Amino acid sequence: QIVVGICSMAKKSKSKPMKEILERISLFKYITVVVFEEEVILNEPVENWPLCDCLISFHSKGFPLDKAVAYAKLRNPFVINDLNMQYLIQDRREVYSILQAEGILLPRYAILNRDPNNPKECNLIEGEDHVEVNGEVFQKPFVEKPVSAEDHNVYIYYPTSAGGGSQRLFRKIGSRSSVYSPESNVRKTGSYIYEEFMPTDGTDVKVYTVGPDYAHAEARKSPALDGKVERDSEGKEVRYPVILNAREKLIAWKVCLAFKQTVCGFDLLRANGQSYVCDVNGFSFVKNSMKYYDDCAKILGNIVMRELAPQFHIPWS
């Protein structure tokens, strides 16, 4: 039996999408799934972690990525989502740089770094209705993102002609994903990316890859609108159907490969007749789609079989 090991925090390992997909992967005749216990991940040294032939492992808040890398280095499994890239995925500047090297359209942007110790003369000039970041001008509306991709306190600043102030986004709290603030001045402590605001129809497109030739997409109301979350009779956020065009399927192919994340979530903004990547999240499952569960488990099982059946002397086509 080929062992597929699952190494992530329990909140992810025991999530509904994860349990659904793992159940289906276990249906493969020659595959056994082993889920690493959170307590083992945190408290046991890597030498005591279970063995596996294929490792599916991914960082989220509180995950010891250092240990996961050390484990992979030690046991040399077939890695589905590259671990070293997950350091870069935590930094929006690194994400953006990769996207650019790959010829992927993204919002025009500029980085404002503040070395905390440095004599605080930032490369930032602020006007009533714009900012200048290292000489580059962003007219309101513009977007201000913390350089940490884990920091969801993304602000949007409105022009005086729309009444000024700002929209402060955050990781969803029940009925709400953003709130309006009368504050018009940018944040003065921290490092940020400033980007041009891309006009969409009011929805974000969320893309989920399973290898570079499979991508499920769906749309949700942008948090940058008013911030009221739309929920269904079951208390789950309303999603809208999406089919990616040829250019977008290519974007998904590139993102998956460039970031070496077989399973990869990213967001697209459909604006000005094009599609812009504004965020690459790394490992993420589609939630509450049974067809996704079927597809994703079959693809991953097939990836595992194709890669490992030969050395295990197992018949595979």
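Between two forms, the rigid core is the largest collection of C-alphas that superpose within 1.5 Å. Heads up: residue numbers just count along the shown sequence, starting at 1.
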In 9 other deposited structures of this protein, rigid core aligned: more displaced of 208-216 and 107-115 by C-alpha RMS: 107-115
With the rigid core as the fit reference, the stretch showing the greater C-alpha departure in 9 other deposited structures of this protein, 231-239 or 217-225, is 231-239
249-257 versus 268-276 - which carries the larger mean C-alpha B factor in the record: 268-276
Averaging CA B factors per stretch from the PDB record, which one is higher: 200-208 or 131-139? 131-139
Residue selected from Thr189, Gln90, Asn81, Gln167 by maximal Cα B factor: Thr189
Identify, among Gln86, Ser148, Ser177, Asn123, the residue whose C-alpha carries the highest B-factor in the deposited PDB entry. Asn123
Would you check the entry's CA temperature factor for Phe63 and let me know if it's in the chain's lowest, middle or highest third? middle
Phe283: which third of its chain by C-alpha temperature factor? lowest
Among the chain's modelled residues, which third holds the C-alpha B-factor of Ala101? highest
Would you please rank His216 by its C-alpha temperature factor against the other modelled residues of its chain and give the third it falls in: lowest, middle or highest? middle
For the chain shown, is the CA B-factor of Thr262 in the lowest, middle or highest third of its modelled residues? lowest
